[PDB]
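Visitor: Generate a structure from the sequence data that follows.
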Amino acid sequence: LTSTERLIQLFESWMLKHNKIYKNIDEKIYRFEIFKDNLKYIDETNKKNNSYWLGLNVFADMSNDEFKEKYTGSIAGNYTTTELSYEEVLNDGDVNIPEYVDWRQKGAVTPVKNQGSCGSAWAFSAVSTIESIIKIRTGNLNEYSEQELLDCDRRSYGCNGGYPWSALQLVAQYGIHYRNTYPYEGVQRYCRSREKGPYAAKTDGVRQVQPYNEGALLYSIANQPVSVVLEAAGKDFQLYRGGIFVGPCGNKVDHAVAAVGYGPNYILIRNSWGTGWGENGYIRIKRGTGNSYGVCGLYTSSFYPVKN
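Guide: Numbers count the residues shown, from 1 in each chain. There you are, the coordinates:
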């Protein structure tokens, strides 16, 4: 709507769908001042005859603003160095396989989630490292827990910052409850793995996919629910909606979630942000490229589950 006055019913119409709250009388209204140019940020960004477009609303109050610290928020700090090097590897050669399969038709994924004021997000992935590995040979259902491996993993913080290495790698000697049995509020001072019911989540030998490799990772795209790590470009992709990407990005990884989705020049995923960005809960980076590092630090190695 190009008419200044006719933009008001949105605040009304918009907020109804994905939350109605605010700061208060004076301060909140400010949410409306840096979302005023919602369409400016896209209008043509879309006009891009390009390979990526992405639509508006999940929060345009959210993008460049302090919000980028919301999303990205985790990890950071010191290097999140990788590859256990040995053990995480080989017994697979050429391909002689289809580059395509999905989990958007089988139904292997549980409704991901939009938590709260702190994104320990880095911990969502783990809850996934197993979320679907369950059917691989057992057909077992249900989900384990969130807050745990976010509360028992002292190894580091998950709020203001969270480590991607120890939520899945410390999974065999303690174990973890279910999603229902232990939903979370906002942090968990009293972390109880030996105290939350009993033993439920026991690993086997987290199989790290060849680092800096856009090759063998396809077994982890189809023979398991891939869970790499990418760049949380707290900006333009921070309002990402649909399409395939080539971006505007910046390879230096930021967030590590579920990577369930690979095909021709498509490839889904799992994005626990919510019901609007990275469409409903997924994405798709432009496959078949030429640069390892490329953009959005994807194919720079995983650490997924296999049943020993």
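Visitor: Please count neighbours and contacts with C-alpha atoms only from this point.
Guide: Will do.
Visitor: how about the helices of the stretch 51-200 of the chain, start to end?
Guide: Per DSSP state H, counting those that start in this stretch, the stretch 51-200 of the chain carries helices over the ranges 68-71, 124-131.
Visitor: count of residues packed around residue 172?
Guide: Applying other Cα atoms under 10 Å, we find 15 residues neighbouring residue 172.
Visitor: Run through the residues that contact it.
Guide: With contact taken as Cα atoms under 8 Å, 6 or more residues apart in numbering, residue 172 is in contact with 201-204.
Visitor: With secondary structure and neighbour count as extra columns, can I get those residues in a markdown table?
Guide: Formatted as a markdown table, the contacts of residue 172 follow (DSSP: H, G, I helix; E, B strand; the rest coil; neighbours: other Cα atoms under 10 Å):
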| residue | secondary structure | neighbour count |
| --- | --- | --- |
| 201 | coil | 20 |
| 202 | coil | 15 |
| 203 | coil | 20 |
| 204 | coil | 12 |
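Visitor: Between all of those residues, which two are at the greatest distance?
Guide: 201 and 204 (10.2 Å; Cα to Cα).
Visitor: Convert stretch 227-247 to CSV, retaining C-alpha atoms only.
Guide: Extracted as CSV, the C-alpha positions of stretch 227-247 are listed here (Å, rounded to 0.1, in the frame of the first residue of the first chain):
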residue,chain,number,x,y,z
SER,A,227,23.0,-31.4,10.3
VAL,A,228,25.8,-29.2,9.1
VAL,A,229,26.2,-25.5,10.1
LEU,A,230,25.7,-22.3,8.0
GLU,A,231,26.0,-18.5,8.2
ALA,A,232,23.3,-16.6,10.1
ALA,A,233,23.6,-13.5,7.8
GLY,A,234,21.8,-11.2,10.4
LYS,A,235,20.5,-9.0,7.6
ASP,A,236,18.8,-9.8,4.3
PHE,A,237,18.4,-13.6,4.8
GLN,A,238,17.1,-12.6,8.3
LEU,A,239,13.7,-12.2,6.7
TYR,A,240,14.1,-15.1,4.3
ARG,A,241,11.0,-16.4,2.7
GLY,A,242,11.1,-19.2,0.1
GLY,A,243,13.2,-19.9,-3.0
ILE,A,244,16.5,-21.3,-3.5
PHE,A,245,19.7,-19.4,-2.5
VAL,A,246,22.9,-18.0,-4.0
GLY,A,247,22.5,-15.0,-1.7
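Visitor: just use 42 as the starting number from now, easier for me
Guide: Taking 42 as the first residue, the last one we looked at is stretch 268-288.
Visitor: coming back round to it: and the helices of the stretch 92-241 of the chain, which is most packed in?
Guide: Sort the helices of the stretch 92-241 of the chain by mean neighbour count, taking mean count of other Cα atoms under 10 Å, and helix 165-172 sits at the top with a mean of 26.
Visitor: That one: what's the following helix or strand?
Guide: helix 260-263 (DSSP states H and E).
Visitor: residues in contact with that next one?
Guide: By Cα under 8 Å, 6+ apart, the list of residues contacting helix 260-263 reads 141-143, 250, 267-268, 300-303, 345.
Visitor: let's see it at 10 Å
Guide: 133, 136, 138-144, 248-250, 266-269, 299-304, 308-310, 343-347 (Cα atoms under 10 Å, 6 or more residues apart in numbering).
Visitor: Among the residues you listed, name the buried ones.
Guide: Buried by 16 or more other Cα atoms under 10 Å: 140, 142-144, 248-250, 266-269, 299-304, 308-310, 343-347, out of these.
Visitor: just to revisit the earlier point, could the helices of the stretch 92-241 of the chain go into a markdown table alongside distance to residue 202?
Guide: What follows is those, written out as a markdown table (distance: least, Cα to Cα, whole Å):
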| stretch | distance to residue 202 |
| --- | --- |
| helix 109-112 | 10 |
| helix 165-172 | 13 |
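Visitor: Now do the contacts for residue 236.
Guide: Each residue near residue 236 by Cα under 10 Å, 6+ apart is listed here: 217-218.
Visitor: Against residue 216, how distant is it?
Guide: To residue 216, residue 236 is 11 Å away according to Cα to Cα, to the nearest Å.
Visitor: just residue 150 next, same as before
Guide: 21 Å.
Visitor: Tell me which of those two has more neighbours.
Guide: residue 216 (21 against 18).
Visitor: Contacts only, for the closest residue to the more buried one other than its chain neighbours.
Guide: Nearest non-adjacent residue to residue 216, counting by Cα to Cα, 6 or more residues apart in numbering: residue 242, 4.1 Å away. Going by Cα under 10 Å, 6+ apart, residue 242 touches 168, 171, 184-186, 209, 212-219, 234.
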